[PDB]
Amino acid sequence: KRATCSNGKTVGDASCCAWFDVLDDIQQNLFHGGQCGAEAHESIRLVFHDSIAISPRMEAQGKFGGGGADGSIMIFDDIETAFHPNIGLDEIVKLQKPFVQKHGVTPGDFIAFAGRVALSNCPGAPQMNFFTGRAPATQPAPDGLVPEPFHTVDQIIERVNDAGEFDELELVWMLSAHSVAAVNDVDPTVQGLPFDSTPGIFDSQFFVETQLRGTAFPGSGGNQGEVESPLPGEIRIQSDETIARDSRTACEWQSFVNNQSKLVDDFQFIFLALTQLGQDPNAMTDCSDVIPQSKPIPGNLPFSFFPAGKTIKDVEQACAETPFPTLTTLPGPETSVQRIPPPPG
């Protein structure tokens, strides 16, 4: 059957027991009592920037293409966090390092762990998986491997296809993370502008809101990779805006609107896949029973809605197969999306 940890919990594999002490430590000292706040969002982002930096095409040509989910972004933070796509990630890397040192775990395992635990904090999240077995990187990733907000949809599709054999529909899946996300470094005048009106809730509001006609910048204009957004305080990036309207991806983008089961099943899958880049999944240990049970979305709303002051008339419909769903609109005046201030220091 199962192993029993010193704290009296039971697990599928005895090696998983050490992660309960990591869990308690980060929930209290990294995530401010298990919150879906700035440190959680940064930890989710960090998983992608560690993991996607792998390139089988470069290896085939005799060039080191990076080791994927290997902890390189932490081990070699002075190198990798100075790459422009990794802007702002040295803060979370620095917050995470003490825990890795204290608990004697691999940097790559800890990054995957912290991302899973972060998502567990966000109502609506899938039940996140956690596998161990990522040896420390011995070489930093090359630059040019992490997508930018100003890149073409073509080059982003190509990049994820190379990194993980991900198709263009799976690209849409992994962008679900922007449902619990804010932007600190794109607008030099303001930090913490969310991508959707519910950055604390893993829902499909990101997929709704990116489909709306953009009307204004939330702060300054003229920032590379930024386009007009539909709501005060919400930011929109060019890549997301284009993927939402591109004939290859627009139908998948819309499919998440008012479809919670598809959202969570697809994201659960793709997040695990990201955390196993550069690894042999058969060689890894399943420690998924350490991750907290995800919480349902509270309250009494339909799963997807238009934000207040928006209706079907504000949607730029892009899926030729299926009209955009006629959602309910939240009552009241158009409200400003509140910023998520990044960690002090």
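All residue numbers are counted from 1 along the displayed sequence.
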(request) Averaging the C-alpha B factors as listed in the entry, name the stretch that ends up higher: 248 to 256 or 110 to 118. (result) 248 to 256
(request) Could you settle it for me: does 258 to 266 or 176 to 184 have the higher average Cα B factor in the PDB entry? (result) 258 to 266
(message) Maximum C-alpha temperature factor per the entry, among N282, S288, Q276, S55, belongs to which one?
(response) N282
(message) Comparing recorded Cα B-factors across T138, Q155, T132, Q96, which one is largest?
(response) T138
(message) Splitting the chain's C-alpha B-factors into thirds, which one does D78 fall into?
(response) highest
(request) Can you work out whether the C-alpha temperature factor of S43 puts it in the lowest, middle or highest third of the chain? (result) lowest
(message) Quick check on the deposited entry: does the C-alpha B-factor of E59 sit in the lowest, middle or highest third of its chain?
(response) middle
(request) Please place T311 in the lowest, middle or highest third of its chain by C-alpha B factor as given in the entry. (result) highest
(message) Per the entry's values, where does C16 land by CA temperature factor relative to the rest of its chain, in the lowest, middle or highest third?
(response) middle
